[PDB]
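Down below is the structure, laid out as structure tokens.
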Amino acid sequence: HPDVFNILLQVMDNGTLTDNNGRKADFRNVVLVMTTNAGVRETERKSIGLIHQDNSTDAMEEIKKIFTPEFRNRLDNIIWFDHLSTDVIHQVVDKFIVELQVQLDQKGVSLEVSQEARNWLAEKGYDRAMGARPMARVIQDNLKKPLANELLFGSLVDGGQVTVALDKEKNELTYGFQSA
Amino acid sequence: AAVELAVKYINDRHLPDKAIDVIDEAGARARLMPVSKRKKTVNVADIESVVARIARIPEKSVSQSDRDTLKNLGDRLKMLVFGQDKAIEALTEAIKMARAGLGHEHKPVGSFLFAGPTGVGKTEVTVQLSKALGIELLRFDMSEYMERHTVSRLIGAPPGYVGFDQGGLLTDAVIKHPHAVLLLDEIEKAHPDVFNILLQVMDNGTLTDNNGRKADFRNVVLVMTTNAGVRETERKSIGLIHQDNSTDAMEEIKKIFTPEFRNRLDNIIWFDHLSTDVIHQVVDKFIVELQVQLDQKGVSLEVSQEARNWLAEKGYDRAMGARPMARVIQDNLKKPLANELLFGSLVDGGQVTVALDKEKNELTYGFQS
Amino acid sequence: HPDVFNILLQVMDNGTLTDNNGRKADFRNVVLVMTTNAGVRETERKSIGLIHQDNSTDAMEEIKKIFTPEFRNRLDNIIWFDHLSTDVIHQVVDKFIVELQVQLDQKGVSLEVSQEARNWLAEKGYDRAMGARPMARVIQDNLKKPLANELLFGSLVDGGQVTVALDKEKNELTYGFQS
Amino acid sequence: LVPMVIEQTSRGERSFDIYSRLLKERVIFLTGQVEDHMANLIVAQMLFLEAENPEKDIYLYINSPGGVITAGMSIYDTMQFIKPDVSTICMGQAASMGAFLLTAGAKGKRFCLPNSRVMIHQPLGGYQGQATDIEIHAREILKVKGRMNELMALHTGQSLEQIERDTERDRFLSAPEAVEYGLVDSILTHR
Amino acid sequence: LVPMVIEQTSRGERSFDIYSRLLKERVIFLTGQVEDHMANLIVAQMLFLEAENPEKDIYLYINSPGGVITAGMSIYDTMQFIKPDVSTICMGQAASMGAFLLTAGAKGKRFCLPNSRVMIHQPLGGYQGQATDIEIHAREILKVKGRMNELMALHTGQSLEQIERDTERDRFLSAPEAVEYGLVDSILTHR
Amino acid sequence: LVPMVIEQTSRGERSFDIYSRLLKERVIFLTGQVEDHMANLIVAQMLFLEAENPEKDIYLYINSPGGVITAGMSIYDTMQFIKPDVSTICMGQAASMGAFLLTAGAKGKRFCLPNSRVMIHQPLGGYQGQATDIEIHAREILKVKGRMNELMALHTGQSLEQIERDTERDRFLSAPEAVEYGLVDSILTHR
Ligand SMILES: Nc1ncnc2c1ncn2[C@@H]1O[C@H](COP(=O)(O)OP(=O)(O)O)[C@@H](O)[C@H]1O
């Protein structure tokens, strides 16, 4: 509700918010970070024109409409996050893979993914509009699914090393369960 | 394990107390459970079982006891629901990953938007999944939550409800049953403000009530059913050349659901119209239910393969899926049996047989008690 | 309103309705019947053209667009009430007149309405647009009202033995007064 | 000025012009000299009705004194292409192009009022310029004349030789005479 | 006049124009002499359709006797620029500019009705002025003629010399002849 | 007729004409002979867009044969006055005062389609009356000519002498040639 914005005017301009009882809280050491998806539809949609338009500015105008000027002036700065480029996506895939390894370590299985396989995952799941969340889903559908069946139904009940490779001819991933 | 597991699965309790609770219960359970053949030591498996009971969630020992149940989960759901295998695989694989330890740390077991035509099994696979797993089914009909003010009931109570029982229906339901299937039928009908409530459920795995109780959704399967794109697909073009209206369904889905909500979804399954081959399986299923109903009254029914095919042709409608099969089953079989069941040979003895003649093109019912 | 149909979907599909209050209403024994006049308008009206187009399937088309497929799928069957033919119309007047005769029987009055009078009563009583709803007044006004007025205060105070016959010139019903 | 008409609906009253109201009943109107813009409208109306109910039959009321043949071909081709049978009813008069569309109606659904007239004749297009250009344009109209006669003969059922002799000059046919010639199956009467 | 039409949407009943209703289905109509205003309108329609669904292909019904070349070239560029394949159908007749847009359709999606006609001729333009101005003005006519022939040859696939010989004078090509020439892929029959 | 397009929004359905819908997307169409009334309409559109989003970029599809020089300066003044970068695209022909507005777009955002043609020439105007008035009017027509050459030189980057020499006689520049001249940054040539 817009009332919440009015509640934060003293939080950012004076640092103190008072309860109905009358006690005052101190916000001088609390890092305040807000997140908003305003103008997400504007970015997702495409302009009706020969030349595509960057709708990053449309989000800012929406921010002005939603938030009152007093609220926005108090803010230190309005950071506009940018879409994930293909280069950082490779780093993003590495992050999910290590998260998978931590889950796998408890089970006793070690996962090894070739560099070519990692690139293949990025191309299949890359979606600038959808960000990094599709990358998790492609990894989940491709890597976590085979491992899950094997861990439960065989070849991985007991901890064993795993290796992943890409077949260029078939353009499909391969796996070596190698139990124990 | 007691400390690490308590943090993960035991909420609203602080760490030095949670672990002591797990540790104390493990000692109590092992000491008095086996009268003879008692293990003096407390292994890690005992701790996992204790947390499971406290949190009402399965443990991590699925690789031995329940390995058979998960392996046959997809096969059993195929017998109950024909076609739509992509939905069954999505649900069973999502479950397997969670039990195997690959599930998301802070997200539900699964979040799937099942969109398709009527009578295609959108709300049937969810009801059968819970029965297969033997877990409580949380069914919420969004037709009630059309307005903004009704949404507050999910996370609380109406403004100034001094009366007790002011706990959110969704928050209290999930707390009572941490392991359950959450079905939000006709999610499109719900006010857009309901999608904002699910953002923390799908992405953070928890929803907080106005009072402040935290509901855990990390172990609940979230399934939503919508008929958003059926109208667009069924729409017929007006032009010399017919148009391939294949992607129109997704475009309608994109408009009704904001990108943030759709991104959180684990997978969007598009159910498809039942094929003629699938209808034969459906006829057999309905007949099986009829046999069970007759078994209560002591009547036995056997139908010929030829009669089954005739029933399929009469009831095969692409737009209406499998629901019309019930109507022909009702008109053709239940009507004669009902009259005889009340008064006639079917009072007792059963031994019913059904057949048809190709020339007549009409079913024949014979009763010999 | 469309929102009402959404409420019935769970009723027919699940058989149980939950009120906002919180109580669970389980009504699986109640039969559900709805009455609509959507198709009659299309079928009764003729096509706007020199050629009369076929309206046999027009009635179903309206119901398909007016009612969502999901709503129609849950319904057991859709039954059409057809216009009352002359043969069945005779039975309707027979029921109304016989009903009045039963009421008069306790009082002791008797009627001898002719079969020809039945035909004339049917045309005025039954209308294609309003059906048999106007037929209520025709039987009561044409038969009960003239005789009832005479019964309370008339040439014949009591004894009945009344008879009725169609009058071609006046299009009125004869009243017999035998004490 | 087009008068509006109210059509009762379950939701409420709906206001539509007289032409649009009849279009809902599949009653299209062809009027005036044929042109690229009226034909585009007529074909557009046919395509709209096809998707609604392809089984149902469209009805085209032809009251035109003739027009450009090229524009009419779009109407003719559209009628044949669509699954729905097009019923052509000649109101008042059907000239060379109007008669072509009239006879092009589906068999059994073509009708003429008892007092209408039907005139058929060869195209009267002309061109001027260099001798070489005139030859190409002159040659083309003979090709078009062949197509008009061959498609007219197919629908009417008369031989190509019969059509060309009659179409040498303007020939006005009455409604009964049209039935004998084969342009229409019957004369529209109130059953 | 334009007959309004009813469309049943998920939201409820909606009233659209005859052309507007067809625009929702990606059907764009090109009719009459090409001009800047109508060309600009077609351009606007194509851009709107691309935004709604770029995957879905656009349909264009061309029934035109030819017009300004500059206006038409804007349409051609837009058709090639946008990702959707702009299917082209020849209703009734297509002139040199009309046929240039017809052949510009994507491969496998260009059609011509059976009784449709086509015409292709060199661009005809006349300028009056000083000899110096005529030289500069004349050069543009040669350049555009070559560009049109080159583009026409590219879509049809025929030799440039053959296109130059045929384009020197007006040439009329029937529907079956257009398919062989390469202007259209195939005739539309019972789709 | 102008088609009506439905814009789907979360709040509800909205109906807009094809041109107005494009204006909502910061697309302006400068089509037809330049005039005071049409130029005023374009000026109003730019100001409305500037207020809605000054930081965002405006677009101006120029398909016009040129026109009134003074009316066009109102657009040029407004293009440079408003903070938004008024990108320009050229569809079909661009002529005197059409190209002047096409070359006045922000650097790096001007574009021309592959087949678009650009024409540039000096102002053409005449006055009839007393010799004294002709001298005054003649001086006015010369001063305006120099100002356009100065402005054209600024955007293109060529010296004033180069522009004056070329602009003395009508000069037609192809789309790639315009890039060499500097009227536009580059050709789109994108899918
Ligand atoms: N594939 C199927 N196999 C068996 N029963 C089915 C199937 N599809 C639908 N049904 C039956 O139809 C009903 C489910 O319809 P549902 O898919 O929930 O409809 P909707 O999509 O309109 O919500 C139940 O009665 C169920 O038994």
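By order in the structure tokens, chains are A, B, ...; within a chain, residues start at 1; ligands start at 1, following the order shown.
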For this session: Counting only C-alpha atoms, collect the residues of chain C whose closest atom lies at most 12 Å from chain E, and write them out as a list in words.
Result: residues 1, 2, 62, 64, 65, 66, 67 and 68 of chain C
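Around ligand 1, using only C-alpha atoms and all ligand atoms and a cut-off of 7 Å, the residues in contact are residues 80, 81, 82, 83, 116, 117, 118, 119, 120, 121, 122, 123, 124, 225, 227, 274, 282, 321, 322 and 323 of chain B; 70 of chain C.
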Residues from last step as file, N, CA and C atoms, as a compact mmCIF listing (two decimals), in the first residue's frame:
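And here is the file that came out, selection-v6.txt:
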# COMPACT_ATOMS: atom_id res chain seq x y z
N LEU B 80 -4.30 -44.48 -13.67
CA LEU B 80 -5.42 -43.65 -13.24
C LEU B 80 -5.71 -42.53 -14.23
N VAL B 81 -4.67 -41.91 -14.78
CA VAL B 81 -4.81 -40.80 -15.73
C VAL B 81 -4.05 -41.17 -17.00
N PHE B 82 -4.77 -41.21 -18.11
CA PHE B 82 -4.20 -41.58 -19.40
C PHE B 82 -3.78 -40.34 -20.18
N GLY B 83 -2.69 -40.47 -20.92
CA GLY B 83 -2.18 -39.34 -21.65
C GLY B 83 -1.60 -38.37 -20.65
N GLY B 116 -4.88 -26.19 -19.88
CA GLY B 116 -5.38 -26.96 -20.99
C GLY B 116 -6.89 -26.97 -21.13
N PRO B 117 -7.40 -27.84 -22.01
CA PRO B 117 -8.85 -27.95 -22.20
C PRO B 117 -9.54 -28.61 -21.03
N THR B 118 -10.86 -28.58 -21.08
CA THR B 118 -11.69 -29.19 -20.05
C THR B 118 -11.67 -30.71 -20.14
N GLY B 119 -11.77 -31.35 -18.98
CA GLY B 119 -11.81 -32.80 -18.91
C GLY B 119 -10.56 -33.49 -19.41
N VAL B 120 -9.40 -32.87 -19.26
CA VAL B 120 -8.13 -33.44 -19.70
C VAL B 120 -7.28 -33.94 -18.54
N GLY B 121 -7.79 -33.91 -17.31
CA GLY B 121 -7.05 -34.39 -16.17
C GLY B 121 -6.24 -33.36 -15.42
N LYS B 122 -6.55 -32.07 -15.57
CA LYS B 122 -5.78 -31.05 -14.87
C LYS B 122 -5.95 -31.15 -13.36
N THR B 123 -7.17 -31.38 -12.90
CA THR B 123 -7.46 -31.49 -11.47
C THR B 123 -7.55 -32.94 -11.00
N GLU B 124 -7.32 -33.91 -11.88
CA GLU B 124 -7.37 -35.32 -11.51
C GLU B 124 -6.00 -35.85 -11.13
N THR B 225 -4.38 -24.81 -11.93
CA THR B 225 -5.13 -25.22 -13.10
C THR B 225 -5.86 -24.02 -13.69
N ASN B 227 -7.78 -22.47 -17.58
CA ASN B 227 -8.30 -22.65 -18.93
C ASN B 227 -8.11 -21.36 -19.73
N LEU B 274 -7.74 -35.22 -25.58
CA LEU B 274 -7.66 -36.67 -25.52
C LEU B 274 -7.82 -37.28 -26.91
N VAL B 282 -10.09 -44.66 -21.18
CA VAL B 282 -10.99 -43.95 -20.28
C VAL B 282 -12.28 -44.73 -20.09
N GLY B 321 -13.25 -33.46 -23.86
CA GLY B 321 -12.41 -34.50 -23.30
C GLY B 321 -13.12 -35.77 -22.89
N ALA B 322 -12.82 -36.22 -21.66
CA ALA B 322 -13.33 -37.47 -21.12
C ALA B 322 -14.61 -37.36 -20.30
N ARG B 323 -15.04 -36.16 -19.93
CA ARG B 323 -16.26 -36.04 -19.15
C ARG B 323 -17.49 -36.58 -19.88
N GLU C 70 -16.77 -25.47 -19.90
CA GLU C 70 -16.55 -26.10 -18.61
C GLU C 70 -17.85 -26.24 -17.84
Counting only C-alpha atoms, give me one row per residue of chain F with an atom at most 10 Å from an atom of chain A, showing the shortest contact pair and its distance in Å to one decimal, sorted by chain then residue number, as a tab-separated table.
residue	atom	partner	partner_atom	distance
F:21	CA	A:48	CA	8.7
F:22	CA	A:48	CA	6.6
F:23	CA	A:48	CA	9.6
F:24	CA	A:48	CA	9.2
F:25	CA	A:47	CA	6.1
F:26	CA	A:49	CA	8.8
F:27	CA	A:49	CA	7.1
F:52	CA	A:61	CA	8.0
F:53	CA	A:61	CA	7.0
F:54	CA	A:57	CA	9.2
F:55	CA	A:57	CA	6.9
F:56	CA	A:57	CA	6.2
F:57	CA	A:53	CA	8.0
F:58	CA	A:53	CA	9.6
F:59	CA	A:49	CA	8.6
F:61	CA	A:50	CA	9.5
F:87	CA	A:51	CA	9.6
F:89	CA	A:50	CA	8.9
F:109	CA	A:51	CA	9.6
F:111	CA	A:51	CA	9.7
F:188	CA	A:51	CA	8.5
F:190	CA	A:50	CA	9.1
F:191	CA	A:50	CA	9.4
For this session: Just give me the gap between atom CA of residue 122 of chain D and atom CA of residue 96 of chain D in Å, one decimal is fine.
Result: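 Between atom CA of residue 122 of chain D and atom CA of residue 96 of chain D the gap works out to 7.6 Å.
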With 9 Å as the limit and counting only C-alpha atoms, what residues in chain C lie close to chain B? Please list them as a PDB file with N, CA, C and O atoms, in the first residue's frame.
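Below is the file result_33.pdb, written as the result:
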ATOM      1  N   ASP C   3     -19.646 -14.524 -12.656  1.00  0.00           N
ATOM      2  CA  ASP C   3     -19.084 -15.010 -11.401  1.00  0.00           C
ATOM      3  C   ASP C   3     -19.954 -16.072 -10.740  1.00  0.00           C
ATOM      4  O   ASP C   3     -19.436 -16.883  -9.965  1.00  0.00           O
ATOM      5  N   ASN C   6     -19.012 -19.552 -12.002  1.00  0.00           N
ATOM      6  CA  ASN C   6     -17.785 -20.040 -11.382  1.00  0.00           C
ATOM      7  C   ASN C   6     -18.065 -20.720 -10.051  1.00  0.00           C
ATOM      8  O   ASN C   6     -17.351 -21.652  -9.664  1.00  0.00           O
ATOM      9  N   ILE C   7     -19.094 -20.266  -9.338  1.00  0.00           N
ATOM     10  CA  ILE C   7     -19.453 -20.881  -8.067  1.00  0.00           C
ATOM     11  C   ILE C   7     -20.020 -22.273  -8.298  1.00  0.00           C
ATOM     12  O   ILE C   7     -19.726 -23.213  -7.549  1.00  0.00           O
ATOM     13  N   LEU C   9     -19.324 -24.314 -10.697  1.00  0.00           N
ATOM     14  CA  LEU C   9     -18.329 -25.264 -11.190  1.00  0.00           C
ATOM     15  C   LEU C   9     -17.866 -26.202 -10.085  1.00  0.00           C
ATOM     16  O   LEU C   9     -17.811 -27.421 -10.274  1.00  0.00           O
ATOM     17  N   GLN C  10     -17.536 -25.653  -8.916  1.00  0.00           N
ATOM     18  CA  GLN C  10     -17.102 -26.507  -7.818  1.00  0.00           C
ATOM     19  C   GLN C  10     -18.267 -27.311  -7.265  1.00  0.00           C
ATOM     20  O   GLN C  10     -18.074 -28.430  -6.779  1.00  0.00           O
ATOM     21  N   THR C  18     -18.017 -24.332   0.262  1.00  0.00           N
ATOM     22  CA  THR C  18     -17.513 -23.743   1.497  1.00  0.00           C
ATOM     23  C   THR C  18     -17.841 -22.258   1.506  1.00  0.00           C
ATOM     24  O   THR C  18     -17.447 -21.526   0.592  1.00  0.00           O
ATOM     25  N   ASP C  19     -18.559 -21.819   2.533  1.00  0.00           N
ATOM     26  CA  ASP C  19     -18.917 -20.419   2.665  1.00  0.00           C
ATOM     27  C   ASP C  19     -17.723 -19.612   3.166  1.00  0.00           C
ATOM     28  O   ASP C  19     -16.765 -20.155   3.723  1.00  0.00           O
ATOM     29  N   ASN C  20     -17.777 -18.297   2.930  1.00  0.00           N
ATOM     30  CA  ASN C  20     -16.704 -17.422   3.394  1.00  0.00           C
ATOM     31  C   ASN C  20     -16.548 -17.518   4.906  1.00  0.00           C
ATOM     32  O   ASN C  20     -15.432 -17.404   5.428  1.00  0.00           O
ATOM     33  N   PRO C  69     -17.826 -23.852 -21.970  1.00  0.00           N
ATOM     34  CA  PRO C  69     -17.740 -25.313 -22.129  1.00  0.00           C
ATOM     35  C   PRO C  69     -17.539 -26.048 -20.820  1.00  0.00           C
ATOM     36  O   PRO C  69     -18.073 -27.149 -20.641  1.00  0.00           O
ATOM     37  N   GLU C  70     -16.766 -25.468 -19.901  1.00  0.00           N
ATOM     38  CA  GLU C  70     -16.546 -26.104 -18.607  1.00  0.00           C
ATOM     39  C   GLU C  70     -17.854 -26.241 -17.843  1.00  0.00           C
ATOM     40  O   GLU C  70     -18.104 -27.264 -17.197  1.00  0.00           O
ATOM     41  N   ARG C  72     -20.926 -26.405 -19.157  1.00  0.00           N
ATOM     42  CA  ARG C  72     -21.771 -27.378 -19.839  1.00  0.00           C
ATOM     43  C   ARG C  72     -21.278 -28.803 -19.650  1.00  0.00           C
ATOM     44  O   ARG C  72     -22.090 -29.732 -19.591  1.00  0.00           O
ATOM     45  N   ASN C  73     -19.962 -29.000 -19.576  1.00  0.00           N
ATOM     46  CA  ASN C  73     -19.422 -30.345 -19.422  1.00  0.00           C
ATOM     47  C   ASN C  73     -19.869 -30.981 -18.111  1.00  0.00           C
ATOM     48  O   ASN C  73     -20.162 -32.181 -18.062  1.00  0.00           O
ATOM     49  N   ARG C  74     -19.924 -30.195 -17.037  1.00  0.00           N
ATOM     50  CA  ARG C  74     -20.333 -30.734 -15.747  1.00  0.00           C
ATOM     51  C   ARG C  74     -21.796 -31.153 -15.742  1.00  0.00           C
ATOM     52  O   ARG C  74     -22.161 -32.098 -15.034  1.00  0.00           O
ATOM     53  N   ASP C  76     -25.222 -32.912 -16.446  1.00  0.00           N
ATOM     54  CA  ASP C  76     -25.506 -34.277 -16.873  1.00  0.00           C
ATOM     55  C   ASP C  76     -26.071 -34.283 -18.284  1.00  0.00           C
ATOM     56  O   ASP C  76     -25.520 -34.930 -19.182  1.00  0.00           O
ATOM     57  N   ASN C  77     -27.175 -33.571 -18.496  1.00  0.00           N
ATOM     58  CA  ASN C  77     -27.774 -33.474 -19.815  1.00  0.00           C
ATOM     59  C   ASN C  77     -28.510 -32.149 -19.928  1.00  0.00           C
ATOM     60  O   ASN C  77     -28.913 -31.549 -18.928  1.00  0.00           O
TER      61      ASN C  77
END
Problem set entry | Contacts of residue 159 of chain D at 12 Å (only C-alpha atoms; same-chain gap of 6+ positions) as a PyMOL selection string | chain D and resi 149-153+165-166+181-182
Problem set entry | Residues near segment 135-140 of chain C, cut-off 12 Å, only C-alpha atoms, skip fewer than 3 positions along chain, as a PyMOL selection string | chain C and resi 89+92-101+113+117-118+120-128+130-132+143-149+172-173
Would you put the residues from that selection into a file with N, CA, C and O atoms, as a short mmCIF file (atom, residue, chain, number, x, y, z; two decimals), in the first residue's frame?
data_model
loop_
_atom_site.label_atom_id
_atom_site.label_comp_id
_atom_site.auth_asym_id
_atom_site.auth_seq_id
_atom_site.Cartn_x
_atom_site.Cartn_y
_atom_site.Cartn_z
N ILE C 89 -52.05 -29.85 -25.85
CA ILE C 89 -52.77 -28.68 -25.36
C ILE C 89 -54.15 -29.08 -24.84
O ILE C 89 -54.66 -28.49 -23.88
N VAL C 92 -53.89 -30.12 -21.28
CA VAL C 92 -53.67 -29.04 -20.32
C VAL C 92 -55.00 -28.42 -19.90
O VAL C 92 -55.23 -28.16 -18.71
N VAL C 93 -55.89 -28.16 -20.86
CA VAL C 93 -57.18 -27.60 -20.51
C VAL C 93 -57.98 -28.62 -19.71
O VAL C 93 -58.74 -28.25 -18.80
N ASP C 94 -57.83 -29.90 -20.03
CA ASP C 94 -58.53 -30.94 -19.29
C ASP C 94 -58.12 -30.95 -17.82
O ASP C 94 -58.95 -31.12 -16.93
N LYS C 95 -56.82 -30.77 -17.56
CA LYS C 95 -56.34 -30.75 -16.18
C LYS C 95 -56.90 -29.56 -15.41
O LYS C 95 -57.35 -29.70 -14.27
N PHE C 96 -56.89 -28.38 -16.03
CA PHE C 96 -57.39 -27.18 -15.36
C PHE C 96 -58.89 -27.28 -15.10
O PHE C 96 -59.36 -26.99 -13.99
N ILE C 97 -59.67 -27.68 -16.11
CA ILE C 97 -61.11 -27.78 -15.93
C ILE C 97 -61.46 -28.89 -14.95
O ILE C 97 -62.35 -28.74 -14.11
N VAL C 98 -60.77 -30.04 -15.03
CA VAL C 98 -61.03 -31.13 -14.09
C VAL C 98 -60.67 -30.68 -12.68
O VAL C 98 -61.34 -31.06 -11.71
N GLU C 99 -59.60 -29.89 -12.54
CA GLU C 99 -59.22 -29.39 -11.23
C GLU C 99 -60.33 -28.53 -10.64
O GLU C 99 -60.67 -28.66 -9.46
N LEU C 100 -60.90 -27.65 -11.46
CA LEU C 100 -62.01 -26.82 -11.01
C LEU C 100 -63.21 -27.68 -10.65
O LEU C 100 -63.93 -27.40 -9.68
N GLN C 101 -63.45 -28.74 -11.43
CA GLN C 101 -64.56 -29.65 -11.16
C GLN C 101 -64.41 -30.29 -9.78
O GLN C 101 -65.40 -30.46 -9.06
N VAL C 113 -69.02 -29.02 -19.46
CA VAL C 113 -68.34 -28.29 -20.53
C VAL C 113 -68.18 -29.17 -21.76
O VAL C 113 -67.82 -30.35 -21.67
N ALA C 117 -65.76 -26.28 -26.67
CA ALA C 117 -65.34 -25.14 -25.86
C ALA C 117 -63.86 -25.24 -25.50
O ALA C 117 -63.18 -24.22 -25.36
N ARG C 118 -63.36 -26.47 -25.33
CA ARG C 118 -61.96 -26.69 -25.00
C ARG C 118 -61.04 -26.10 -26.06
O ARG C 118 -60.02 -25.48 -25.74
N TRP C 120 -61.56 -23.58 -28.21
CA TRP C 120 -61.52 -22.12 -28.21
C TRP C 120 -60.75 -21.60 -27.01
O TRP C 120 -60.00 -20.62 -27.12
N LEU C 121 -60.92 -22.23 -25.85
CA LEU C 121 -60.19 -21.83 -24.65
C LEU C 121 -58.68 -21.98 -24.84
O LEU C 121 -57.90 -21.16 -24.34
N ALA C 122 -58.27 -23.02 -25.56
CA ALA C 122 -56.85 -23.29 -25.76
C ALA C 122 -56.14 -22.19 -26.55
O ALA C 122 -55.02 -21.80 -26.20
N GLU C 123 -56.78 -21.69 -27.61
CA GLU C 123 -56.13 -20.67 -28.43
C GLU C 123 -55.87 -19.40 -27.63
O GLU C 123 -54.77 -18.84 -27.68
N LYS C 124 -56.88 -18.93 -26.89
CA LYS C 124 -56.69 -17.72 -26.10
C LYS C 124 -55.78 -17.97 -24.90
O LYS C 124 -54.91 -17.15 -24.59
N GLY C 125 -55.96 -19.11 -24.23
CA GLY C 125 -55.15 -19.40 -23.05
C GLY C 125 -53.68 -19.58 -23.34
O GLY C 125 -52.83 -19.09 -22.59
N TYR C 126 -53.34 -20.26 -24.43
CA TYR C 126 -51.95 -20.54 -24.78
C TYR C 126 -51.44 -19.55 -25.81
O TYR C 126 -52.09 -19.33 -26.84
N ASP C 127 -50.28 -18.96 -25.53
CA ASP C 127 -49.61 -18.03 -26.42
C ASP C 127 -48.22 -18.57 -26.72
O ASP C 127 -47.59 -19.18 -25.85
N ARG C 128 -47.75 -18.36 -27.95
CA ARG C 128 -46.42 -18.85 -28.31
C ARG C 128 -45.32 -18.14 -27.52
O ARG C 128 -44.35 -18.76 -27.10
N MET C 130 -45.72 -16.22 -24.52
CA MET C 130 -45.90 -16.36 -23.08
C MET C 130 -46.24 -17.77 -22.64
O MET C 130 -46.37 -18.01 -21.44
N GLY C 131 -46.39 -18.71 -23.57
CA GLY C 131 -46.70 -20.08 -23.18
C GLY C 131 -48.06 -20.19 -22.53
O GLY C 131 -49.05 -19.58 -22.96
N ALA C 132 -48.12 -20.98 -21.46
CA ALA C 132 -49.35 -21.23 -20.72
C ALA C 132 -49.51 -20.34 -19.50
O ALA C 132 -50.45 -20.54 -18.73
N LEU C 143 -64.61 -19.37 -16.99
CA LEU C 143 -65.48 -20.35 -16.36
C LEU C 143 -65.82 -20.06 -14.90
O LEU C 143 -66.99 -20.01 -14.53
N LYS C 144 -64.81 -19.87 -14.05
CA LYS C 144 -65.06 -19.69 -12.62
C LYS C 144 -65.74 -18.36 -12.30
O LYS C 144 -66.71 -18.32 -11.53
N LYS C 145 -65.27 -17.26 -12.89
CA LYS C 145 -65.80 -15.94 -12.52
C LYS C 145 -67.28 -15.75 -12.82
O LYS C 145 -68.00 -15.25 -11.94
N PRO C 146 -67.81 -16.08 -14.01
CA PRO C 146 -69.26 -15.88 -14.21
C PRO C 146 -70.10 -16.74 -13.28
O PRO C 146 -71.07 -16.26 -12.69
N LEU C 147 -69.74 -18.02 -13.15
CA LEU C 147 -70.49 -18.92 -12.29
C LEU C 147 -70.30 -18.57 -10.81
O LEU C 147 -71.25 -18.67 -10.03
N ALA C 148 -69.08 -18.18 -10.42
CA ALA C 148 -68.84 -17.85 -9.01
C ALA C 148 -69.67 -16.65 -8.58
O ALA C 148 -70.21 -16.64 -7.46
N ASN C 149 -69.78 -15.63 -9.43
CA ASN C 149 -70.59 -14.47 -9.09
C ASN C 149 -72.05 -14.88 -8.89
O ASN C 149 -72.71 -14.42 -7.95
N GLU C 172 -68.47 -16.67 -26.46
CA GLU C 172 -68.72 -16.66 -25.02
C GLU C 172 -69.18 -18.06 -24.61
O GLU C 172 -69.52 -18.89 -25.46
N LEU C 173 -69.16 -18.33 -23.31
CA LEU C 173 -69.52 -19.63 -22.76
C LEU C 173 -70.91 -19.61 -22.13
O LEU C 173 -71.21 -18.74 -21.31
#
For this session: Could the residues of chain B within 10 Å of chain E, counting only C-alpha atoms, be given as a list in words, please?
Result: residues 228, 229, 230, 231, 232, 235, 236, 237, 238, 239, 240, 241, 242, 243, 244, 245, 246, 247, 248 and 251 of chain B
For this session: Please return, as a PyMOL selection string, all residues of chain E lying within 9 Å of chain D when only C-alpha atoms are considered.
Result: chain E and resi 1-6+18-19+21-22+29+31-32+63-64+90-93+113-117+169-172+188-191
For this session: Enumerate, as a PyMOL selection string, the complete set of residues in segment 42-113 of chain D that a backbone-based DSSP assignment places in strand (DSSP E or B).
Result: chain D and resi 58-63+86-90+93-94+111-112
Problem set entry | Separation of atom CA of residue 33 of chain C from atom CA of residue 57 of chain C, in Å and rounded to one decimal | 22.8 Å
Taking a cut-off of 7 Å and counting only C-alpha atoms, can you build a table that, for each residue of chain B near chain A, reports the nearest atom pair and how far apart they are in Å (one decimal), sorted by chain then residue number, as a Markdown table?
| residue | atom | partner | partner_atom | distance |
| --- | --- | --- | --- | --- |
| B:63 | CA | A:152 | CA | 4.9 |
| B:67 | CA | A:152 | CA | 6.2 |
| B:93 | CA | A:145 | CA | 6.6 |
| B:96 | CA | A:148 | CA | 6.1 |
| B:97 | CA | A:148 | CA | 5.2 |
| B:100 | CA | A:148 | CA | 5.6 |
| B:101 | CA | A:103 | CA | 6.4 |
| B:102 | CA | A:103 | CA | 6.2 |
| B:263 | CA | A:130 | CA | 6.3 |
| B:266 | CA | A:137 | CA | 6.8 |
